[PDB]
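The lines below spell out each chain.
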Amino acid sequence: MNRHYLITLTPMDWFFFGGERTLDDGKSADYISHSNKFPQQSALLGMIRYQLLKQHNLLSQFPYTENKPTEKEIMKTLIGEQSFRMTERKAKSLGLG
RNA sequence: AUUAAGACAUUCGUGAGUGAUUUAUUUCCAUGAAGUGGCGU
């Protein structure tokens with residue numbers, strides 16, 4: 001009913017985890033891009049959602065579509081209807097699928 | 001779907017320009033074209 005897994009990630013090559021991308025904003029990029037030693041938990045959650053959408057073959061491919069609202073419902077109940085945001089940081093549930 | 005995706009440390013570039021294997025050095029030093037007469041007593 002509620003199965004728990006342990007997921008181990010083995011780096012097969014050199015990895016790069018993004019930073020602030022800038023000490024300011026506007027249009028500037030950073031000439032030196034530094035790698036965080038750890039990814040954000042948002043990255044882990046998005047990886048889980050993407051892999052779940054890969055197992056159940058419901059992926060967003062090539063320009064743009066509307067994804068067959070029944071498929072929209074199944075994707076909502078699989079991965080949730082929304083990404084990780086800190087607006088719902090006090091919500092009692094993860095809000096995902 | 002995850003501070004994400006795309007991005008050759010690459011383009012142009014003669015190991016080239018000036019440079020006498022030249023300067024100094026006697027094929028020279030020593031050396032007899034010389035030696036001897038013979039026989040007919």
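As recorded in the entry header, the structure was determined using cryo-EM to a resolution of 2.81 Å.

## What about the protein's contact with RNA strand B?
Near RNA strand B you find 16 residues, and of these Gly19, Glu20, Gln40, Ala43 and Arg49 are the closest. Close to the protein, within 4 Å, the atoms of RNA strand B are drawn from sugar and phosphate at a rate of 50%. Between RNA strand B and the protein, one listed contact pairs a base nitrogen with a backbone N or O atom of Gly19 at 3.0 Å. In this structure, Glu20 approaches RNA strand B through a side-chain N or O atom, which is 3.0 Å from a base nitrogen.

Criteria and thresholds
- Residues numbered from 1 in each chain as written, not as in the entry; some residues may be left out.
- Chains lettered and ligands numbered in written order.
- Part of a larger assembly, values for the part shown.
- Heavy atoms only, no water.
- Near = heavy atom within 4 Å.
- Polar contact = N/O pair within 3.5 Å; in protein donor to acceptor, adjacent residues only side chain to side chain.

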